[PDB]
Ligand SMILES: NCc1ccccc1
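Next up: just one chain, as structure tokens, the form deposited without this ligand.
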């Protein structure tokens, strides 16, 4: 068997008992609704936060909606985090990841901008990376900041890495000073021991990954889909976290190892005994709160080191 935290095993037993269709049997609209209802039941609320503002920004295929979270709006010019939500490029929105964004804004003490990027299958690859890169450049130009911290979970961890590579090659008005990919997808291939071990029973399944991947319809040769296939030299200091029961664990490790081999300062964290998707499950999995807090404390120090030097 595999080490599993007791509260994770308890939440898994709950997930395994639910009646009614799997996500992969649903059209996108119904999958999108499943995730909202799961968040309502198993995520914490937003909690208290001084400022949350929505607006539209111009992007190349139309307006991109963003949400700015700031718990200390009187700050001076400092770093800003841009956040790209997960949901396999099909599901997720500004509300599914709202409680995480707010928590991040509170712990990091920096403004957090979440991007509502275009989703498949209505907008297949490469709409998501186009939107994310355009939003991030807009932020560097238009928001008072000294530097960008890019972060995202799962599909959004992918978008974090691909966006950091596009800005490494052609810089924004402000540098990326750090990146925080959370349980990222970095490749489209499934030849991984963690994929054989954990591809059933652990929230993210073989069935649901196939479903995501077919709708997004990514070009597997393109760096925007498969950044483990391309040089990593000159990326900023990276905090990469994986979850030990996650079918994507091993490609996360492999990416972190590639970063170290290219000389990129890297902090690898593994949430031991927990599953993919934990950053939105902090009420159903209470130990998730310490994983969130523990990673963002390390990130806060990484950013403080980059700004003090």
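Positions refer to the first chain, counted from 1.
Here the subject shifts to the form solved in complex with this ligand, a form of this protein not shown in this document.
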query	finding
4.5 Å heavy atom contact with this ligand in the entry with it bound for all of 64, 145 and 268	no
Contact assignment for this ligand in the entry with it bound, among 284, 59, 273, 28, heavy atom within 4.5 Å	284
Among 101-109, 230-238, 164-172, 197-205, the region lying within 4.5 Å of this ligand in the entry with it bound by heavy atom distance	197-205
Residue 209 within 4.5 Å of this ligand in the entry with it bound, heavy atoms	yes
Residue 126 within 4.5 Å of this ligand in the entry with it bound, heavy atoms	no
4.5 angstroms heavy atom contact with this ligand in the entry with it bound for residue 55	yes
Partner proximity in the entry with it bound: residue 10 to this ligand, non-hydrogen atom cutoff 4.5 Å	yes
In the entry with it bound, residues of 13-36 near this ligand [heavy atom within 4.5 Å]	14, 23
